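Here the structure comes first, spelled out in structure tokens, and everything after it is commentary.
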Amino acid sequence: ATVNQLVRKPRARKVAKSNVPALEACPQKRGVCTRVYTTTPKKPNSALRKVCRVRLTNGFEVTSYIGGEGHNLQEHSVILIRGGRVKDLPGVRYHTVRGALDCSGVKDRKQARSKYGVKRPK
Amino acid sequence: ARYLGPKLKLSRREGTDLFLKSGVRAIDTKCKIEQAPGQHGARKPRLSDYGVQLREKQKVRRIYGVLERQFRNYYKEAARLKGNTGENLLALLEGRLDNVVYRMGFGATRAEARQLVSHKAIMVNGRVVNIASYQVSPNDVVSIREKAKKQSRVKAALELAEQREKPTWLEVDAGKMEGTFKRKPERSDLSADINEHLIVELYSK
Amino acid sequence: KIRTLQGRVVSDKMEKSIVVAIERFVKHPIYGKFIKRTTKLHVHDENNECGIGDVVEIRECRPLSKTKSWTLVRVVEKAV
Amino acid sequence: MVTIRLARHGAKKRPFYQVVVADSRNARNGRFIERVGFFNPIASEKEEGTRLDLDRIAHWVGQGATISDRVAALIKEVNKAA
Amino acid sequence: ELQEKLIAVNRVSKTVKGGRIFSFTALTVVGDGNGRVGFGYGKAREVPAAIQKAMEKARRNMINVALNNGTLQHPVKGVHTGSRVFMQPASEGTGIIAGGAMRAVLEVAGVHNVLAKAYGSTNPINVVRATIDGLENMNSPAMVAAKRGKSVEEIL
Amino acid sequence: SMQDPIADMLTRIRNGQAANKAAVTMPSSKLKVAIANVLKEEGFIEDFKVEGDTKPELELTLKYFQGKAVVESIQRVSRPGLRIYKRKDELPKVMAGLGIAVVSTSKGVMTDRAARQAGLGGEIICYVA
RNA sequence: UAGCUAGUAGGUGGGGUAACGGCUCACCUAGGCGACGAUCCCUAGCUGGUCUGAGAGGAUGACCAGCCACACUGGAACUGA
RNA sequence: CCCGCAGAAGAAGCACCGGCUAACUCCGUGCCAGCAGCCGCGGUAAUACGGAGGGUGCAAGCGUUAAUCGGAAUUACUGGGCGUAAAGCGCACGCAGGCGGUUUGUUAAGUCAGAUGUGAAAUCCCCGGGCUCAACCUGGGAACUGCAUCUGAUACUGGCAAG
Ligand SMILES: [Mg+2]
Ligand SMILES: [Mg+2]
Ligand SMILES: [Mg+2]
Ligand SMILES: [Mg+2]
Ligand SMILES: [Mg+2]
Ligand SMILES: [Mg+2]
Ligand SMILES: [Mg+2]
Ligand SMILES: [Mg+2]
Ligand SMILES: [Mg+2]
Ligand SMILES: [Mg+2]
Ligand SMILES: [Mg+2]
Ligand SMILES: [Mg+2]
Ligand SMILES: [Mg+2]
Ligand SMILES: [Mg+2]
Ligand SMILES: [Mg+2]
Ligand SMILES: [Mg+2]
Ligand SMILES: [Mg+2]
Ligand SMILES: [Mg+2]
Ligand SMILES: [Mg+2]
Ligand SMILES: [Mg+2]
Ligand SMILES: [Mg+2]
Ligand SMILES: [Mg+2]
Ligand SMILES: [Mg+2]
Ligand SMILES: [Mg+2]
Ligand SMILES: [Mg+2]
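Chains as they are written, first to last, in this note's numbering: chain A, 4 to 125; chain B, 10 to 214; chain C, 2 to 81; chain D, -6 to 75; chain E, 47 to 202; chain F, 10 to 138.
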């Protein structure tokens, strides 16, 4: 606090870690489904939340949520994952991107279609 | 780009008359001006603070036919310019070419004026201008070219304008169909129902 | 009149050469405290007239050794 | 050697040349010793388009500066016009 | 003549043997624009009653403020519990660039051009209290001249 | 240790104002005398009186108007731990020009306004509002 | 990462450079750097600028321009202004 | 760039609508399916899921993710604190270091003042000008908060000398 003290030893900037460190400051990343499963939510939620453990192109083994009703994913299925946590599931930091490499868009969606990789119905 | 949807809808949502129709027949006859648009129109929820500011901004934008990026740019310009910010913004909006033609009266609506400008009916200083956002300068005469001078719509529009209250800051000749933009309008010349402090606050959120 | 600097002789062991601290009383960029910073310079002195701890005025010159590009002009305040 | 020449600036299809004194080795728009004028070939009427600092140019020539064909032409035009 | 406006209405609990008893507290602030501002808290079992009580309180315990041409007279600090407040005499036409509660109290007071910030806690009740305190603790050039024993021209 | 006499003097003045004491006394110094003179000129105190030969004591007579202190606030600025110097264009305006700032310039200790008029900076000793 | 350095630090004389110089060599002196961070480790081309911010600052160095370094990797010289 | 031809003709989507945050209803499911930036929603009347109608905001774009600054006075020089919220070494001595009562003299290092040189051009800002307008291009200024040198001032701080 004393100016002399500051001169001797200045103030450390508070290094804020990223909450999506497997991306490595990339907006998306490609990966291979190591394992596809359902899991129980955190404390006041009830569900079987769909999630895939994915080995990324840059070495990292993360787990990624799979949003939307129903999915075609299985083991060895290349999907795009993005940034975003599911809160009520512990340790899930990434969503899969629907509508890329090997992940389908949600069926019969008419709203938020861009969010669920759904093409314009005729 | 342009707003292409229902116009009386815009007026109803805002509350005021935005002059989005020619005004031969009154808007109370054209729509339920008191009731808001949609299933839940009669219900009127109480607007907090953000909402009121947003509504004011929407009103002004709708009245003139400026999209958000353009409006924001205009605001930036007003702030940059010396003097009062709201007044500057209003002056710029008025300066717009479509607005000037409408004020002169070579079009029933702002839409009509813009269409004419687009379709190359309007000369600024004897030079065909095509842009509705074209800033007119002081002492600039702007006239209908003869090809658009034969339009019955144009003559009808002139009559309608004659019905309306004529603006002091321009001087327009109906037979010659040319008007001289003598000076940038004063705030006293513009409408009192338009509030600028709300708009300024909104763009200073 | 020539550009010249004053400084204390921190050592004079190496023959024909002295090291001359040139303390300058600079202000700190951020905190505003005035901190004493030092600039040691190896200075050439012929005849080895200077002692350790003295005060000596020096000027810049063509390099006389790997580290020695300053020469002394006059010794002053040579008390012990 | 040192030369006195136009440097291309402006937009696509709308060149505006800054006449600069510069060591010929330097790139056209790169390092330059002194900027001694401008020339605007699409310049409209009631605009000069050209502006040559003649005294500086003369001084540089005396020092030994070669002149681009275009710059020479500009100088000739300026003298006639003025 | 008196412009008045309610800043915040807040729900409070007492927790009795039966269960909880809720009630509403309304903090209002009134002022004449010409300089005079006064805030009032108020508490009641229902919202409208609380606001009315608040209005009465506000109308009483007002305080006069020396305003120079619709803005402050000098940079002023204001303190209270959480509320550390800064307020600056900004140029005519800037408008009031000031937080929520702050904006309300200033507006009713009649300052049209100020730059404020609420540091520390921004708890409405304390920040309004702080702002009013700050406004009072602000003398005019006539007042400073009187205290120091000079003319206003000597002070500038 | 006593490390800042001017600061001590300022503190004494503030405490006197708080406690409604008529006069405040302290060991006199030349800088202190100059500061006192400046304060008197600007009218934040009624008078000062240096008294003694071997170790003289400055006695300031404090100023009251309506029950409250004339010296509303009085803060040290330059201090031994951190000296502050300003240029003539950077000279501060205390309380937007109502209060004064005592600045020690090349031509002696004077108020900020006087220094500004002269066209010279110096050590900003203290603000008074 | 708390000790580092033997052409190391300085001198004399030869040699070398377009040029001063441990640049190089022989001898002489025993120095030189270091808590105002040497040495060692990690990261990084630098600046005008850019973004942001009331400012003070923070982050950054794509495009345009100045400077530096590199040309498969590691060494070397020749020609030549 | 201009002139002529035909005919509304070839040209509107994306997100959101529980609060923060502008915009609400019905149907389907029934802690499931699903949503989510935060807080939260869903266990059979869901304005929070999915569809529909209606509405709101942007618009040739609109959303999501990543990244930097802001808000964050949340590294607090401007601009924080330490009894009980995180924070006074268990207590002392003490070198380097930081700070130094009061008077006079001297110095002018800090400090302050004026001048001179430089601080490339571009960029930013200001008044203009040119592309139909704008973006864009561009003239002239201002600015480049800096650094150096010379000549001054003697309050304060430093040095030196006596008290
Ligand atoms: Mg549950
Ligand atoms: Mg567009
Ligand atoms: Mg802004
Ligand atoms: Mg030798
Ligand atoms: Mg690298
Ligand atoms: Mg800030
Ligand atoms: Mg590149
Ligand atoms: Mg090689
Ligand atoms: Mg050769
Ligand atoms: Mg709402
Ligand atoms: Mg549930
Ligand atoms: Mg949703
Ligand atoms: Mg239902
Ligand atoms: Mg939700
Ligand atoms: Mg839904
Ligand atoms: Mg801070
Ligand atoms: Mg804290
Ligand atoms: Mg505890
Ligand atoms: Mg203790
Ligand atoms: Mg002393
Ligand atoms: Mg000392
Ligand atoms: Mg000096
Ligand atoms: Mg123009
Ligand atoms: Mg420049
Ligand atoms: Mg002294």
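The beta carbon of each residue, even a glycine, is placed where N, CA and C say it ideally should be.
| Of all the CB atoms in chain C, is at least one closer than 7 Å to the CB of F:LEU91? | On the sixth sequence, residue 91 of chain F is found 82 positions in, with the first residue counted as 1. True, the Cβ-Cβ gap to chain C drops below 7 Å.
| message | Can you check which of these residues, D:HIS52, D:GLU38, D:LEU47, is closest to D:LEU67 by C-alpha distance? | response | By 1-based counting over the fourth sequence, the position of residue 67 of chain D is 74. Among D:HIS52, D:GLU38, D:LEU47, the Cα nearest to that of D:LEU67 is on D:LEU47.
| query | Out of curiosity, what's the CA-to-CA distance linking A:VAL81 and A:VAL35? | reply | For this step, residue 81 of chain A is matched to residue 78 along the first sequence. For this step, residue 35 of chain A is matched to residue 32 along the first sequence. So the alpha carbons of these two residues sit roughly 4 Å apart.
| Which bits of chain A does C:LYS34 rub up against, with CB to CB less than 7 Å? | Locating residue 34 of chain C in the third sequence gives position 33, where the first residue counts as 1. Ordered by position in chain A, the residues that pass the 7 Å Cβ test against C:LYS34 are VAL6, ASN7, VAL10.
| said: Please list, in chain order, the chain E residues whose beta carbon lies closer than 7 Å to that of B:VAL209. | reply: Taking the first residue of the second sequence as position 1, residue 209 of chain B is located at position 200. Here the neighbours are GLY141.
| Interface residues of chain A facing C:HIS29 [CB-CB closer than 8 Å] | Position 28 of the third sequence, counted from the start, is the residue given in the question as residue 29 of chain C. Those within 8 Å of C:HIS29 in chain A are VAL10.
| field | Of the listed residues B:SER213, B:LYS68, B:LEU199, nearest to B:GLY24 (C-alpha basis) | value | Walking along the second sequence from the start, residue 24 of chain B turns up at place 15. With distances taken between Cα atoms, B:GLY24 lies closest to B:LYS68.
| request: Out of F:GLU132, F:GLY117, F:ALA105, F:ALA127, point me to the one whose CA is closest to E:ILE201's CA. | output: Indexing the fifth sequence from 1 puts residue 201 of chain E at position 155. It is F:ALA105 whose Cα lies nearest to the Cα of E:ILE201.
| said: Less than 7 Å between CB atoms is the rule here; does F:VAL79 satisfy it with respect to chain E? | reply: In the sixth sequence, residue 79 of chain F corresponds to position 70, counting from 1. Chain E contact via Cβ: present.
| request: Please state if the CB of B:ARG22 and the CB of B:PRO46 are separated by a distance shorter than 7 Å. | output: To locate residue 46 of chain B, count along the second sequence from 1; it is residue 37. To locate residue 22 of chain B, count along the second sequence from 1; it is residue 13. Yes, these two residues count as a Cβ contact at 7 Å.
| So who's on the other strand from A:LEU83, going by DSSP bridges? | Translated into positions along the first sequence, residue 83 of chain A becomes position 80. Beta-bridge partners assigned by DSSP to A:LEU83: A:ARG33, A:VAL100.
| message | Only counting the same chain, and skipping five residues up and downstream in sequence, which positions put a Cβ closer than 6 Å to that of D:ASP16? | response | Residue 16 of chain D sits at position 23 when you count from the first residue of the fourth sequence. These residues qualify, in order along the chain: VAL(-5).
| query | Considering only C-alpha positions, which residue in the set F:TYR73, F:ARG23, F:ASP13 is nearest to F:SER38? | reply | What you label residue 38 of chain F is simply residue 29 of the sixth sequence in a count that begins at 1. The candidate whose alpha carbon is nearest that of F:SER38 is F:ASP13.
| query | Helix, strand or coil: which one does DSSP assign to E:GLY128? | reply | Counting from one through the fifth sequence, the residue named residue 128 of chain E turns up at place 82. Per DSSP, reduced to three states, the secondary structure at E:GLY128 is coil, with no helix or strand assignment.
| Whose Cβ in chain E lies nearer than 7 Å to the Cβ of F:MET104? | Mapped onto the sixth sequence, residue 104 of chain F falls at position 95. Under a criterion of Cβ atoms nearer than 7 Å, the residues of chain E adjacent to F:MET104 are, in order, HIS120.
| field | Alpha-carbon spacing of C:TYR32 relative to A:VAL10, whole angstroms | value | Numbered from 1 along the third sequence, position 31 holds the residue referred to as residue 32 of chain C. Numbered from 1 along the first sequence, position 7 holds the residue referred to as residue 10 of chain A. Taking the Cα positions, C:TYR32 is about 7 Å away from A:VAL10.
| message | Here's the rule: buried if 16 or more other CB atoms are within 10 angstroms of the residue's CB, otherwise exposed. What is A:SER117? | response | Position 114 of the first sequence holds residue 117 of chain A. Exposed, by the Cβ-count rule.
| query | CA-CA distance, B:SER161 and B:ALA117? | reply | For the purposes of this step, residue 161 of chain B is identified with residue 152 of the second sequence, where counting begins at 1. For the purposes of this step, residue 117 of chain B is identified with residue 108 of the second sequence, where counting begins at 1. If you draw a straight line from the Cα of B:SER161 to the Cα of B:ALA117, it is about 12 Å long.
| said: Please state whether the Cβ-Cβ distance between C:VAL10 and C:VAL81 is less than 7 Å. | reply: Against the third sequence, residue 10 of chain C aligns to sequence position 9. Against the third sequence, residue 81 of chain C aligns to sequence position 80. No.
| field | Short-range partners of chain E found in the segment 50 to 67 of chain F, where Cβ spacing is below 8 Å | value | Result list: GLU51, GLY52, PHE53.
| query | Taking three-plus beta-carbon pairs below 8 Å as touching, is the segment 107 to 123 of chain B in contact with the segment 60 to 67 of chain B? | reply | Because the criterion of three Cβ pairs below 8 Å is not met, the segment 107 to 123 of chain B and the segment 60 to 67 of chain B do not touch.
| message | Would the segment 173 to 189 of chain E count as touching the segment 79 to 94 of chain E if we require 3 or more Cβ pairs under 8 Å? | response | Counting Cβ pairs under 8 Å, three or more are found: they touch.
| query | Of all the alpha helix (DSSP H) runs that stay within the bounds of the segment 96 to 121 of chain F, which reach a length of 4 or more residues? | reply | Runs found: none.
| task | Determine the DSSP secondary structure at D:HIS2, reduced to helix, strand or coil. | result | Along the fourth sequence, one-based indexing puts residue 2 of chain D at 9. Here D:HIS2 carries a strand assignment [DSSP, helix/strand/coil].
| 7 Å Cβ cutoff met for F:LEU69 and F:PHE53 | Here residue 69 of chain F refers to the residue found at position 60 of the sixth sequence. Here residue 53 of chain F refers to the residue found at position 44 of the sixth sequence. 7 Å or more divides the Cβ of F:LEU69 from the Cβ of F:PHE53.
| field | Selected residue, minimal CA-CA separation from E:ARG130, among E:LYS103, E:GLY139, E:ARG106, E:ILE171 | value | As a working note, residue 130 of chain E is residue 84 in the fifth sequence. Ranking E:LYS103, E:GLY139, E:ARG106, E:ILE171 by Cα distance to E:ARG130 puts E:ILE171 first.
| query | Is there contact here, the segment 27 to 41 of chain C with the segment 191 to 209 of chain B, by at least three beta-carbon pairs under 8 Å? | reply | Judged by Cβ distances under 8 Å, the segment 27 to 41 of chain C makes no contact with the segment 191 to 209 of chain B, as fewer than three pairs qualify.
| When you compare only the Cα positions, how much space is there between E:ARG106 and E:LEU48? | Here the question's residue 106 of chain E lines up with position 60 in the fifth sequence. Here the question's residue 48 of chain E lines up with position 2 in the fifth sequence. E:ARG106 and E:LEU48: Cα-Cα distance of roughly 12 Å.
| said: Looking at chain E, is there any beta carbon in it that lies within less than 7 Å of the beta carbon of B:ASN204? | reply: Residue 204 of chain B sits at position 195 when you count from the first residue of the second sequence. With 7 Å as the cut-off, B:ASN204 does not count as an interface residue toward chain E.
| task | Assign F:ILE44 to one of three DSSP states: helix, strand, or coil. | result | Sequence index remark: in the sixth sequence, residue 44 of chain F carries index 35 (1-based). The answer is helix: DSSP assigns F:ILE44 an H, G or I state.
| said: Please identify the residue among E:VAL125, E:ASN114, E:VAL174, E:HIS158 whose C-alpha is closest to the C-alpha of E:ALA104. | reply: As a working note, residue 104 of chain E is residue 58 in the fifth sequence. Nearest of E:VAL125, E:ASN114, E:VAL174, E:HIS158 to E:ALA104, Cα basis: E:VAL174.
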